[PDB]
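Read the numbers this way: they start at 1 and go in the same order the structure lists the ligands and their atoms. Protein chains get the first letters and strands the later ones, always in sequence-line order, with residue 1 at the start of each.
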Amino acid sequence: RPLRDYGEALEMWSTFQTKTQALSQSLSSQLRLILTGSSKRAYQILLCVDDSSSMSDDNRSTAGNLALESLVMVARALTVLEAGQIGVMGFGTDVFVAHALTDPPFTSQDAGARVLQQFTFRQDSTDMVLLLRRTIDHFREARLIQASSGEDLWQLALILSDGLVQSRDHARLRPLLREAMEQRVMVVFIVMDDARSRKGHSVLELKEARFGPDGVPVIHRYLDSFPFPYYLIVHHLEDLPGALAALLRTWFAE
Amino acid sequence: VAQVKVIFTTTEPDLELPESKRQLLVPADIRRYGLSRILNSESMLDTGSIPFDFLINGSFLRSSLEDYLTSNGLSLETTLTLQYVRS
Ligand SMILES: [Mg+2]
């Protein structure tokens, strides 16, 4: 079925919300200082979740579960922002809008379950270039809509993914990342690297083999060419609030 | 130049890799001949020229990895566990 059973999504939202409640509170208390109090600003946050099958339990990966737990933690932390709109995108071979910036807030468990229903981790490819093109285009039109009646609007994309893309795409992503920075869209990549998955299977130790002109294999660390300027490694959910707050504190604000 | 993610494992005593070298992205069109060269290479086992065979879930690899995926209805998103055995 293209959707999770709605009942399963409700149970997941409720379980995750309880599991992450203290972590959400810590993140929101830090976000309050970074983003509030102290202009009349507005915030638009797109949570972009990897729906590719590399994420999936059928691939013996825990990345999908950790991403949905992280989604609930972050979405719940963000709902404390008065002037914030939260939207959700799913991506693999194509990109879908799971929750629009204009849609009802995540103060409701039914709204959260409707989002979780759409993530099944079955797509056959991970097209990060298309994800970035769609995200920039989405924010550009939101910026145009903003014109209607005076807004200091700040736009943030948080990508929740195992970070496994074809090495060739690392180069193709760089022009799109420049375009995002030129348009002042901050892009943070949140790498799902669940430490309990298995002994000795972290993305930090993922290597890649290339055959040279002589035919001799040469081996490099996969992450050495990872292009994203702001990224976090999530080994345990407990890692996420402080690291995400630190990056935003420093580089969303600056 | 598509890549497939593989995890090497072995049940033979003297031929284990350090945990840090077992997970590798490899060209999708590679066959056992090329995988054996990688394993023998300086950054891996550094054993020079031992011919290795590879089992995937108890069955020997007889094609390229991409044809193995296609034959089993799998995409390039799949991680393959390759058990290496002396030929
Ligand atoms: Mg993927």
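Salt-bridge annotation for A/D127 and A/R133: absent, with no side-chain N of the basic residue lying under 4.0 Å from a carboxylate O of the acidic one. With salt bridges taken as basic N to acidic carboxylate O contacts below 4.0 Å, none links B/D67 and B/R31. In this structure, A/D169 pairs ionically with A/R172, as a charged nitrogen and a carboxylate oxygen lie closer than 4.0 Å.
Applying the side chain to side chain donor-acceptor pair (under 3.5 Å) test to residues at least two apart or on different chains, the pairs with a partner in residues 24-34 of chain A are A/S26-A/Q30, A/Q30-A/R249.
Using cut-offs of 30° and 60° on the angle between ring planes, the pair B/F8 and B/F54 is tilted.
Within the 4.5 Å cutoff, the side chain of A/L223 has no heavy atoms near those of the A/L206 side chain.
Around the Mg ion (ligand 1), the protein atoms of type N, O or S that sit closer than 2.8 Å are A/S52 OG, A/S54 OG, A/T126 OG1, B/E77 OE1.
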